[PDB]
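In UniProt numbering, the protein residues as written are 869 to 1008. Heads up, the beta-carbon is just placed ideally off N, CA and C, and yes, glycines get one too. Have a look at the structure below, then the notes.
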Ligand SMILES: Cc1cc(C)c(Nc2ccn(C)n2)c(C)c1
Ligand SMILES: [Zn+2]
């Protein structure tokens, strides 16, 4: 589990969104595994606006933050899980790292701010849903 709290927005994995998230929906995209809902309080996370390929992510199944190198956001085939059938997921970045289903929501960050959240995993790989192209998170 985990979310990004920026301005009056809450960014979560779409497959982990709650009824309150759907009842206060701002935007959702199944192909990206992302859902954004509105919040009453303002959040403290800052979104990175950059092309970094090195950063650090939080892995709840190890209670540790790991430094990683990660690929550029791309269209990647992801195998079937309990949340999605086998399909192409867009704006996804991969790194070598430990991940379990419950690690989804962990933040990946670089020197500029939050880059994305854990969304996929298995066999020593971890995939992150990018949020750096969602410029509207910084306003309104
Ligand atoms: C972060 C994360 C997410 C998921 C859903 C998974 N399990 C599975 C099982 C089959 N897939 C394709 N994925 C793992 C290991 C890690
Ligand atoms: Zn950066």
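Exposure label - residue i; buried when at least 16 CB within 10 Å
{"i": "residue 957", "result": "buried"}
{"i": "residue 861", "result": "Lying outside 869 to 1008, the shown extent of the chain, residue 861 is not represented and no answer is given."}
{"i": "residue 905", "result": "buried"}
{"i": "residue 964", "result": "exposed"}
{"i": "residue 881", "result": "buried"}
{"i": "residue 948", "result": "exposed"}
{"i": "residue 938", "result": "buried"}
{"i": "residue 912", "result": "exposed"}
{"i": "residue 945", "result": "exposed"}
8 angstroms contact criterion, which residue i and residue j should meet: CB distance rounded
{"i": "residue 1010", "j": "residue 918", "result": "The shown model of the chain, from 869 to 1008, leaves out residue 1010, and the question about it has no answer."}
{"i": "residue 971", "j": "residue 989", "result": "7 angstroms"}
{"i": "residue 871", "j": "residue 879", "result": "6 angstroms"}
{"i": "residue 959", "j": "residue 1006", "result": "So it is not a contact: roughly 17 angstroms between Cβ atoms."}
{"i": "residue 982", "j": "residue 914", "result": "7 angstroms"}
Counterpart residues of residue i in DSSP-defined beta bridges
{"i": "residue 895", "result": "904"}
{"i": "residue 993", "result": "964, 990"}
{"i": "residue 1002", "result": "According to DSSP, which records beta bridges pairwise, residue 1002 is partnered with nothing at all."}
{"i": "residue 912", "result": "874"}
{"i": "residue 978", "result": "981"}
{"i": "residue 922", "result": "937"}
Bounding residues of the beta strand (DSSP E) (the contiguous stretch that carries residue i)
{"i": "residue 880", "result": "872-881"}
{"i": "residue 972", "result": "Taken as a continuous stretch (DSSP letters only), residue 972 belongs to no beta strand (DSSP E), as it is neither H nor E."}
Requested in this report: Run through the stretch 927-959 for me and flag every whole beta strand (DSSP E) of 3 or more residues, listed as ranges in chain order.
Outcome: Taking 3 residues as the minimum length, the beta strand (DSSP E) runs contained wholly in the stretch 927-959 are 932-937, 942-946, in order along the chain.
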